[PDB]
>>> print(open('target_39.cif').read())   # mmCIF, C-alpha atoms; chains and numbers go by the auth columns
data_target
loop_
_atom_site.group_PDB
_atom_site.id
_atom_site.type_symbol
_atom_site.label_atom_id
_atom_site.label_comp_id
_atom_site.label_asym_id
_atom_site.label_seq_id
_atom_site.Cartn_x
_atom_site.Cartn_y
_atom_site.Cartn_z
_atom_site.B_iso_or_equiv
_atom_site.auth_seq_id
_atom_site.auth_asym_id
ATOM 1 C CA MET A 1 73.111 79.406 116.090 0.00 1 A
ATOM 2 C CA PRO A 2 72.680 82.488 113.861 0.00 2 A
ATOM 3 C CA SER A 3 73.929 82.301 110.275 0.00 3 A
ATOM 4 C CA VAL A 4 73.623 85.952 109.252 0.00 4 A
ATOM 5 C CA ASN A 5 75.868 86.898 112.173 0.00 5 A
ATOM 6 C CA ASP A 6 78.489 84.369 111.074 0.00 6 A
ATOM 7 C CA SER A 7 79.162 86.092 107.750 0.00 7 A
ATOM 8 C CA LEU A 8 79.332 89.389 109.639 0.00 8 A
ATOM 9 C CA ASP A 9 82.580 88.123 111.161 0.00 9 A
ATOM 10 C CA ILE A 10 84.024 87.457 107.706 0.00 10 A
ATOM 11 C CA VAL A 11 82.960 90.677 105.983 0.00 11 A
ATOM 12 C CA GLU A 12 84.267 92.721 108.909 0.00 12 A
ATOM 13 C CA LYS A 13 87.389 90.560 109.140 0.00 13 A
ATOM 14 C CA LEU A 14 88.312 91.733 105.641 0.00 14 A
ATOM 15 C CA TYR A 15 87.903 95.463 106.256 0.00 15 A
ATOM 16 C CA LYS A 16 89.865 95.378 109.513 0.00 16 A
ATOM 17 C CA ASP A 17 92.412 93.196 107.718 0.00 17 A
ATOM 18 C CA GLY A 18 92.961 95.991 105.216 0.00 18 A
ATOM 19 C CA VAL A 19 90.351 95.659 102.478 0.00 19 A
ATOM 20 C CA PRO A 20 88.602 98.516 100.629 0.00 20 A
ATOM 21 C CA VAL A 21 84.811 98.814 100.638 0.00 21 A
ATOM 22 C CA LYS A 22 84.740 98.218 96.884 0.00 22 A
ATOM 23 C CA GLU A 23 86.531 94.913 97.471 0.00 23 A
ATOM 24 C CA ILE A 24 84.648 93.962 100.635 0.00 24 A
ATOM 25 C CA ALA A 25 81.394 94.324 98.704 0.00 25 A
ATOM 26 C CA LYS A 26 82.485 91.603 96.281 0.00 26 A
ATOM 27 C CA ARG A 27 83.964 89.309 98.930 0.00 27 A
ATOM 28 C CA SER A 28 80.888 89.616 101.147 0.00 28 A
ATOM 29 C CA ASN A 29 78.728 89.665 98.018 0.00 29 A
ATOM 30 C CA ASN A 30 76.907 92.700 99.417 0.00 30 A
ATOM 31 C CA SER A 31 76.210 96.244 98.221 0.00 31 A
ATOM 32 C CA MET A 32 78.313 99.339 98.904 0.00 32 A
ATOM 33 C CA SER A 33 75.478 100.582 101.115 0.00 33 A
ATOM 34 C CA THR A 34 75.304 97.210 102.866 0.00 34 A
ATOM 35 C CA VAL A 35 79.001 96.646 103.563 0.00 35 A
ATOM 36 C CA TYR A 36 79.797 100.237 104.527 0.00 36 A
ATOM 37 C CA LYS A 37 76.749 100.186 106.803 0.00 37 A
ATOM 38 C CA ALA A 38 78.336 97.258 108.642 0.00 38 A
ATOM 39 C CA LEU A 39 81.791 98.816 108.974 0.00 39 A
ATOM 40 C CA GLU A 40 80.380 101.927 110.648 0.00 40 A
ATOM 41 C CA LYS A 41 78.545 99.605 113.036 0.00 41 A
ATOM 42 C CA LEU A 42 81.576 97.422 113.761 0.00 42 A
ATOM 43 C CA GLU A 43 84.028 100.296 114.213 0.00 43 A
ATOM 44 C CA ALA A 44 81.566 101.772 116.709 0.00 44 A
ATOM 45 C CA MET A 45 81.880 98.588 118.767 0.00 45 A
ATOM 46 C CA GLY A 46 85.592 98.062 118.193 0.00 46 A
ATOM 47 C CA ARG A 47 85.380 94.887 116.124 0.00 47 A
ATOM 48 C CA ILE A 48 87.276 96.153 113.080 0.00 48 A
ATOM 49 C CA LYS A 49 89.103 98.926 114.934 0.00 49 A
ATOM 50 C CA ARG A 50 92.232 98.431 117.041 0.00 50 A
ATOM 51 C CA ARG A 51 93.624 95.848 114.620 0.00 51 A
ATOM 52 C CA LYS A 52 97.116 95.915 113.109 0.00 52 A
ATOM 53 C CA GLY A 53 99.882 93.568 112.005 0.00 53 A
ATOM 54 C CA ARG A 54 101.091 91.746 108.901 0.00 54 A
ATOM 55 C CA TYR A 55 98.618 90.413 106.336 0.00 55 A
ATOM 56 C CA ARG A 56 98.794 89.563 102.632 0.00 56 A
ATOM 57 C CA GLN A 57 96.463 91.212 100.121 0.00 57 A
ATOM 58 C CA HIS A 58 95.534 90.980 96.438 0.00 58 A
ATOM 59 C CA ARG A 59 96.749 94.505 95.685 0.00 59 A
ATOM 60 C CA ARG A 60 99.934 95.268 93.749 0.00 60 A
ATOM 61 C CA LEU A 61 101.138 98.453 92.050 0.00 61 A
ATOM 62 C CA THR A 62 97.765 99.911 93.031 0.00 62 A
ATOM 63 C CA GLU A 63 97.088 103.622 93.505 0.00 63 A
ATOM 64 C CA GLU A 64 97.646 103.042 97.223 0.00 64 A
ATOM 65 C CA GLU A 65 100.961 101.257 96.679 0.00 65 A
ATOM 66 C CA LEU A 66 102.134 103.860 94.166 0.00 66 A
ATOM 67 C CA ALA A 67 101.800 106.475 96.906 0.00 67 A
ATOM 68 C CA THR A 68 103.742 104.338 99.381 0.00 68 A
ATOM 69 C CA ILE A 69 106.547 103.390 96.997 0.00 69 A
ATOM 70 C CA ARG A 70 107.191 107.054 96.205 0.00 70 A
ATOM 71 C CA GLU A 71 108.240 107.351 99.848 0.00 71 A
ATOM 72 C CA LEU A 72 111.583 105.896 98.761 0.00 72 A
ATOM 73 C CA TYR A 73 112.235 109.382 97.389 0.00 73 A
ATOM 74 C CA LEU A 74 111.698 111.170 100.704 0.00 74 A
ATOM 75 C CA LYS A 75 113.600 108.570 102.726 0.00 75 A
ATOM 76 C CA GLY A 76 116.113 108.096 99.925 0.00 76 A
ATOM 77 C CA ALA A 77 115.677 104.328 100.068 0.00 77 A
ATOM 78 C CA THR A 78 116.897 102.099 97.238 0.00 78 A
ATOM 79 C CA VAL A 79 115.327 99.456 94.999 0.00 79 A
ATOM 80 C CA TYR A 80 116.291 96.872 97.617 0.00 80 A
ATOM 81 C CA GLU A 81 114.463 98.876 100.282 0.00 81 A
ATOM 82 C CA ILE A 82 111.166 99.344 98.446 0.00 82 A
ATOM 83 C CA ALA A 83 111.240 95.608 97.737 0.00 83 A
ATOM 84 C CA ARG A 84 110.799 94.765 101.419 0.00 84 A
ATOM 85 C CA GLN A 85 108.360 97.654 101.851 0.00 85 A
ATOM 86 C CA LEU A 86 105.954 96.657 99.077 0.00 86 A
ATOM 87 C CA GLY A 87 106.567 93.034 100.008 0.00 87 A
ATOM 88 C CA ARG A 88 107.913 92.122 96.578 0.00 88 A
ATOM 89 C CA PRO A 89 111.172 90.357 95.623 0.00 89 A
ATOM 90 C CA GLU A 90 112.135 92.631 92.730 0.00 90 A
ATOM 91 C CA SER A 91 110.153 91.686 89.623 0.00 91 A
ATOM 92 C CA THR A 92 107.052 93.503 90.867 0.00 92 A
ATOM 93 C CA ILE A 93 109.078 96.637 91.594 0.00 93 A
ATOM 94 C CA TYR A 94 110.255 96.641 87.978 0.00 94 A
ATOM 95 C CA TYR A 95 106.629 96.798 86.839 0.00 95 A
ATOM 96 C CA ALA A 96 105.991 99.782 89.109 0.00 96 A
ATOM 97 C CA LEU A 97 108.667 101.984 87.542 0.00 97 A
ATOM 98 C CA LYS A 98 108.358 100.454 84.073 0.00 98 A
ATOM 99 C CA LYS A 99 104.582 100.893 83.915 0.00 99 A
ATOM 100 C CA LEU A 100 105.204 104.427 85.178 0.00 100 A
ATOM 101 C CA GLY A 101 107.383 105.167 82.163 0.00 101 A
ATOM 102 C CA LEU A 102 110.486 106.068 84.159 0.00 102 A
ATOM 103 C CA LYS A 103 114.062 104.775 84.190 0.00 103 A
ATOM 104 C CA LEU A 104 115.252 101.841 86.298 0.00 104 A
ATOM 105 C CA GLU A 105 117.838 99.062 86.545 0.00 105 A
#
>>> encode(input="target_39.cif", output="structure tokens")
Amino acid sequence: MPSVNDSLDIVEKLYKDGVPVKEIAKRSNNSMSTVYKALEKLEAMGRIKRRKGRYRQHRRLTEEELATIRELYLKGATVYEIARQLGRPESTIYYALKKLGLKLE
């Protein structure tokens, strides 16, 4: 059986799972031009596309999360709400506001 095709399932599995190109490049150990080139090919077939659900990631208080947490302002959610949203118990949340330089409790 093919070996190069095997890894293709892993690299693509990450992107569709919710991983940025910059990260996928490291995981797959490929170049930005190599990984991205695969995504465009997979999405065209529907390998990475049409995939949703719940999956853990190694991203916390990231630029992407900071934009999602702010939602608590529009929805009016509380610290207990954002906790379940970001997927953190409470400690992490403290770092979000703290690191931001705002007030919290």
>>> residues_around(input="target_39.cif", residues="residue 59 of chain A", least_positions_apart="3", cutoff="12 Å", atoms="all atoms listed in the file", output="list in words")
residues 18, 19, 20, 23, 55, 56, 62, 63, 64, 65, 66, 86, 87, 88 and 92 of chain A
>>> atom_distance(input="target_39.cif", atom1="atom CA of residue 28 of chain A", atom2="atom CA of residue 10 of chain A")
7.6 Å
>>> atom_distance(input="target_39.cif", atom1="atom CA of residue 15 of chain A", atom2="atom CA of residue 42 of chain A")
10.0 Å
>>> resolve_selection(input="target_39.cif", expression="the PyMOL selection byres ((chain A and resi 48-53) around 10)", output="ChimeraX atom specification")
/A:9,11-18,39-47,54-55
>>> atom_distance(input="target_39.cif", atom1="atom CA of residue 36 of chain A", atom2="atom CA of residue 5 of chain A")
15.9 Å
>>> residues_around(input="target_39.cif", residues="segment 95-98 of chain A", least_positions_apart="6", cutoff="9 Å", atoms="all atoms listed in the file", output="list in words")
residues 60, 61, 66, 69 and 104 of chain A
>>> write_last_selection(input="target_39.cif", atoms="C-alpha atoms", output="compact mmCIF listing (two decimals), in the frame of the given file")
# COMPACT_ATOMS: atom_id res chain seq x y z
CA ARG A 60 99.93 95.27 93.75
CA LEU A 61 101.14 98.45 92.05
CA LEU A 66 102.13 103.86 94.17
CA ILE A 69 106.55 103.39 97.00
CA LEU A 104 115.25 101.84 86.30
>>> closest_residue(input="target_39.cif", among="A:68, A:73, A:24, A:100", to="residue 85 of chain A", atoms="all atoms listed in the file")
A:68
>>> decode(input="target_39.cif", residues="chain A", atoms="C-alpha atoms", output="CSV table (one decimal), in the first residue's frame")
chain,number,residue,atom,x,y,z
A,1,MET,CA,0.0,0.0,0.0
A,2,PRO,CA,1.0,3.7,-0.5
A,3,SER,CA,2.8,5.5,2.3
A,4,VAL,CA,2.7,9.0,1.0
A,5,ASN,CA,-1.1,8.8,0.8
A,6,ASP,CA,-1.3,7.6,4.4
A,7,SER,CA,0.1,10.8,5.9
A,8,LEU,CA,-2.3,12.7,3.6
A,9,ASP,CA,-5.1,11.4,5.8
A,10,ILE,CA,-3.3,12.8,8.9
A,11,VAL,CA,-2.4,16.2,7.6
A,12,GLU,CA,-5.9,16.7,6.2
A,13,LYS,CA,-7.4,15.3,9.4
A,14,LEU,CA,-5.9,18.1,11.3
A,15,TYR,CA,-7.1,21.0,9.1
A,16,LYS,CA,-10.6,19.6,9.0
A,17,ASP,CA,-10.4,19.1,12.7
A,18,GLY,CA,-9.8,22.8,13.2
A,19,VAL,CA,-6.0,23.4,12.8
A,20,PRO,CA,-4.4,26.5,11.2
A,21,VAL,CA,-2.1,26.1,8.2
A,22,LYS,CA,0.8,27.4,10.3
A,23,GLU,CA,0.2,24.6,12.8
A,24,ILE,CA,-0.6,21.9,10.2
A,25,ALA,CA,2.8,22.6,8.6
A,26,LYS,CA,4.6,21.7,11.8
A,27,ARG,CA,2.4,18.6,12.5
A,28,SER,CA,2.7,17.3,9.0
A,29,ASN,CA,6.3,18.5,8.9
A,30,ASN,CA,5.6,20.2,5.5
A,31,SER,CA,5.9,23.7,4.1
A,32,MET,CA,3.2,26.3,4.0
A,33,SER,CA,3.1,25.9,0.2
A,34,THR,CA,2.9,22.1,0.7
A,35,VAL,CA,0.2,21.9,3.3
A,36,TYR,CA,-2.0,24.6,1.9
A,37,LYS,CA,-1.6,22.9,-1.5
A,38,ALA,CA,-3.1,19.8,0.0
A,39,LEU,CA,-6.0,21.5,1.7
A,40,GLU,CA,-7.2,23.1,-1.5
A,41,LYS,CA,-7.1,19.7,-3.1
A,42,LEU,CA,-8.9,18.0,-0.2
A,43,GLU,CA,-11.6,20.6,0.1
A,44,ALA,CA,-12.2,20.2,-3.6
A,45,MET,CA,-13.0,16.6,-3.1
A,46,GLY,CA,-14.8,17.0,0.2
A,47,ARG,CA,-12.3,15.2,2.5
A,48,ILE,CA,-11.7,18.1,4.9
A,49,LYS,CA,-15.0,19.9,4.1
A,50,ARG,CA,-18.4,18.9,5.6
A,51,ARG,CA,-16.8,18.1,9.0
A,52,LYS,CA,-18.0,19.5,12.4
A,53,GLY,CA,-18.3,18.5,16.0
A,54,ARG,CA,-16.4,18.6,19.2
A,55,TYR,CA,-12.6,18.4,19.3
A,56,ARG,CA,-9.8,19.5,21.6
A,57,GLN,CA,-7.0,21.7,20.5
A,58,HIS,CA,-3.7,23.2,21.7
A,59,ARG,CA,-5.0,26.8,21.5
A,60,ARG,CA,-5.9,28.9,24.5
A,61,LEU,CA,-6.4,32.6,24.9
A,62,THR,CA,-5.3,32.9,21.3
A,63,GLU,CA,-6.3,35.7,18.9
A,64,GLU,CA,-9.1,33.5,17.7
A,65,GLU,CA,-10.3,32.7,21.2
A,66,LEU,CA,-10.0,36.4,22.3
A,67,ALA,CA,-12.5,37.2,19.5
A,68,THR,CA,-14.9,34.5,20.6
A,69,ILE,CA,-14.8,35.3,24.3
A,70,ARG,CA,-15.6,39.0,23.6
A,71,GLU,CA,-19.0,37.6,22.4
A,72,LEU,CA,-20.0,37.4,26.1
A,73,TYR,CA,-20.4,41.2,25.8
A,74,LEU,CA,-22.9,41.0,23.0
A,75,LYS,CA,-24.8,38.1,24.5
A,76,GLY,CA,-24.3,39.5,28.0
A,77,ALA,CA,-23.1,36.1,29.2
A,78,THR,CA,-21.2,35.8,32.5
A,79,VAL,CA,-17.9,34.4,33.6
A,80,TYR,CA,-19.6,31.0,34.1
A,81,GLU,CA,-20.9,31.1,30.5
A,82,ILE,CA,-17.6,31.9,28.8
A,83,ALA,CA,-16.1,29.1,30.8
A,84,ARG,CA,-18.2,26.5,29.0
A,85,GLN,CA,-17.7,28.3,25.7
A,86,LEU,CA,-13.9,28.4,25.7
A,87,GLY,CA,-14.0,25.0,27.3
A,88,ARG,CA,-12.1,26.1,30.4
A,89,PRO,CA,-13.1,25.6,34.1
A,90,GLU,CA,-12.3,29.1,35.3
A,91,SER,CA,-8.5,29.5,35.8
A,92,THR,CA,-7.9,29.9,32.1
A,93,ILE,CA,-10.6,32.6,31.9
A,94,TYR,CA,-8.8,34.6,34.6
A,95,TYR,CA,-5.7,34.7,32.4
A,96,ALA,CA,-7.8,36.0,29.5
A,97,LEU,CA,-9.0,39.1,31.3
A,98,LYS,CA,-5.9,39.4,33.5
A,99,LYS,CA,-3.5,39.3,30.5
A,100,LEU,CA,-5.8,41.8,28.8
A,101,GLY,CA,-5.3,44.2,31.7
A,102,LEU,CA,-8.9,44.5,32.6
A,103,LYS,CA,-10.9,44.0,35.8
A,104,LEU,CA,-12.3,40.7,36.9
A,105,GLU,CA,-13.4,38.6,39.9
